[PDB]
Structure formats: structure tokens, C-alpha cells
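Student: Next up is a structure, given as C-alpha cells.
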Amino acid sequence: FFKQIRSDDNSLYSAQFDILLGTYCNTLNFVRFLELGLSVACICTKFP
Amino acid sequence: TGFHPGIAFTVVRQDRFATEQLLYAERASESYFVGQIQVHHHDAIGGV
């Protein structure tokens, strides 16, 4: 409870606020090994 | 020490009770002239 406004009513006219000016995320560059320049040295072969 | 020095006193005290009174007034028992609302202004803490 607060009555202290005896129609003296200051601080009733403030409108300061906070704003979120945006968000920024990144992405991961999924690298494929067989697209490199190194993959010429090994004979890759899957083997389950 | 409980000795009665041949003199007597008459005590007086005054009380105060809250009442509920019952007014009566006859018809047209008062002539009432009304003026004109005038407005004056002045400064105070914070506001006018």
C-alpha cells in the first residue's frame, strides 16, 4: 500500500523502459574430410 | 501517618462524555446568499 499521492502526483509521469535491440547467432561450417586437400594421402574405406 | 487534622475537604472533578444530539429546524429558517468561485494559484513542493 502507498497513499503518498495526495494529488501531488509526481513520479506518476515516468516512462523509462528497457529494450532488446536484437539477437545474433552464428552457424558452424560442417567440414567434409574428403573435400580437403589432405585426403589425397589416405585410401579411405568404410568397413562396418 | 493517619492523623485527621480537624479539617475536611470537598472534592470536585469534571468529566466529559460523548453524546448523540438530535437537531430540528423549521422550514426556511435561514437566508443564504452564495457568491462566485474565484481561483487563485501558488507554488508548493514540486507543483503549482
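Ligands are numbered from 1 in the order shown, residues from 1 within each chain, and chains are lettered A, B, ... in the order they appear in the C-alpha cells.
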Which residues of chain A are close to chain B, meaning at most 12 Å apart when you count only C-alpha atoms, and how do they look as a list in words?
Tutor: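 Therefore, the residues near the partner are residues 6, 7, 8, 9, 10 and 11 of chain A.
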Student: Would you export the selected residues with C-alpha atoms as an mmCIF file, in the first residue's frame, please?
Tutor:
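Dumped to result.cif:
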data_model
loop_
_atom_site.group_PDB
_atom_site.id
_atom_site.type_symbol
_atom_site.label_atom_id
_atom_site.label_comp_id
_atom_site.auth_asym_id
_atom_site.auth_seq_id
_atom_site.Cartn_x
_atom_site.Cartn_y
_atom_site.Cartn_z
ATOM 1 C CA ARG A 6 -2.213 13.449 -2.204
ATOM 2 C CA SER A 7 -2.784 14.624 -5.785
ATOM 3 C CA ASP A 8 0.819 15.835 -5.501
ATOM 4 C CA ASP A 9 1.336 13.049 -8.012
ATOM 5 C CA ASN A 10 4.870 13.276 -9.195
ATOM 6 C CA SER A 11 6.746 10.183 -10.393
#
Student: Between atom CA of residue 4 of chain A and atom CA of residue 37 of chain B, what is the distance, to one decimal in Å?
Tutor: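 Computing the Euclidean distance for atom CA of residue 4 of chain A and atom CA of residue 37 of chain B yields 28.6 Å.
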Student: May I ask for the distance between atom CA of residue 17 of chain A and atom CA of residue 1 of chain A, given in Å to one decimal place?
Tutor: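 Going from atom CA of residue 17 of chain A over to atom CA of residue 1 of chain A, I get 23.5 Å.
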Student: State, in Å with one decimal place, the distance from atom CA of residue 13 of chain A to atom CA of residue 42 of chain B.
Tutor: 21.4 Å
